[PDB]
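Asks: this one's structure only:
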Ligand SMILES: CC[C@H](C)CN(C[C@@H](O)[C@H](Cc1ccccc1)NC(=O)O[C@H]1CO[C@H]2OCC[C@H]21)S(=O)(=O)c1ccc2ncsc2c1
């Protein structure tokens, strides 16, 4: 699709068999989801945003369907204010900025 | 232009008479610029993201040029680590997400 920006670019994603709402976030390097359970191994990591640093759980090679487009990649789980889809997965679904 | 997301979508902006590099950020409701001493009235505000909140100064009707496209609107000034062009101005320069 083409998505304008008068409203937040929220989309439905499917991950671990669950539907969630997430924000397409070109300013995010990484994909960060609010607390949830995901299967398999994870690694403790830290990431920084506008307000400082948080601790997250890093899950690798996780499938995630974003507005019907398939990605498989790294998902960070932790105290983000909202679910954000970052550039690591935006690139996988072929997302560009255009003006 | 078309900006892919392999790297951070940094572009040149001009505000006041300073040229700066800023992220075209679909995840940002508002535009947030690194500390700079702008003239005019402003209101205090707190904006939240990963890590918590930062205190910013809200300036209204500030002209900014973003890769040659003119925009004018609200700019938040505070201790952000990166200059952020948010949706308030992204719509003004005709910016869409496409996949
Ligand atoms: C609430 C939704 C997100 C988290 C909001 N953030 C914009 C976001 O694009 C931010 C923009 C950003 C970029 C770089 C540093 C700080 C902020 N990126 C970010 O935190 O990304 C993190 C995940 O990937 C990592 O890569 C970059 C930092 C990490 S923000 O910077 O905190 C932000 C910006 C404008 C704004 N206007 C009103 S509230 C508000 C909050």
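Replies: Looks like it came in fine. Numbers count the residues shown, from 1 in each chain, chains lettered A, B, ... in the order given.
Asks: Say whether chain B is contacted by stretch A:10-24.
Replies: Yes: Stretch A:10-24 lies within reach of chain B by CB under 8 Å from any CB of the partner chain, at A:23, A:24. (C-beta placed from N, C-alpha, C; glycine too.)
Asks: For that stretch, which residues meet the burial criterion?
Replies: Judged by neighbour count (16 or more other CB atoms under 10 Å in any protein chain shown), stretch A:10-24 contains these buried residues: A:11, A:13, A:15, A:22, A:23, A:24.
Asks: now these as CSV including distance to residue A:38 and secondary structure?
Replies: Output for the buried residues of stretch A:10-24, formatted as CSV (distance: CB to CB, whole Å; DSSP: H, G, I helix; E, B strand; the rest coil):
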residue, distance to residue A:38, secondary structure
A:11, 19, strand
A:13, 13, strand
A:15, 8, strand
A:22, 14, strand
A:23, 19, strand
A:24, 20, strand
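Asks: Could you give the number of residues near the residue of chain A found nearest chain B?
Replies: Closest approach between chain A and chain B, counting by CB to the nearest CB: residue A:49, at 2.5 Å. Neighbour count of residue A:49, defined by other CB atoms under 10 Å in any protein chain shown: 21.
Asks: which residues touch it?
Replies: Counting by CB atoms under 8 Å, 6 or more residues apart in numbering or on different chains, residue A:49 touches A:80, B:49, B:50, B:51.
Asks: what's the burial count for the residue lying closest to the second one once chain neighbours are set aside?
Replies: If I follow you right, that is residue B:49. In this structure, residue B:49 finds its nearest non-sequential neighbour in residue A:50, 3.7 Å apart by CB to CB, 6 or more residues apart in numbering or on different chains. When neighbours are defined as other CB under 10 Å, residue A:50 has 23 of them.
Asks: near the ligand, which of the contacts of residue A:49 show up?
Replies: Within the set of the contacts of residue A:49, contact with the ligand (CB under 6 Å from any ligand atom) is found for B:49, B:50.
Asks: Would you mind giving the contacts of residue A:49 as CSV with secondary structure added?
Replies: Output for the contacts of residue A:49, formatted as CSV (DSSP: H, G, I helix; E, B strand; the rest coil):
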residue, secondary structure
A:80, coil
B:49, strand
B:50, coil
B:51, coil
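Asks: any chance of the contacts of residue A:49 in CSV, with distance to residue B:87 too?
Replies: Converted to CSV, the contacts of residue A:49 look like this (distance: CB to CB, whole Å):
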residue, distance to residue B:87
A:80, 18
B:49, 14
B:50, 18
B:51, 21
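Asks: quick check, nearest of the contacts of residue A:49 to the ligand?
Replies: Nearest to the ligand among the contacts of residue A:49: residue B:49, at 1.9 Å, using CB to the nearest ligand atom.
Asks: what is the closest one paired to in the beta sheet?
Replies: Counting by DSSP bridges, residue B:49 forms beta bridges with residue B:52.
Asks: re the thing from before, how about the contacts made by the residue nearest to residue B:49?
Replies: Applying CB under 8 Å, 6+ apart to residue A:50 gives the contacts B:32, B:47, B:48, B:49, B:50, B:51, B:54, B:80, B:81, B:84.
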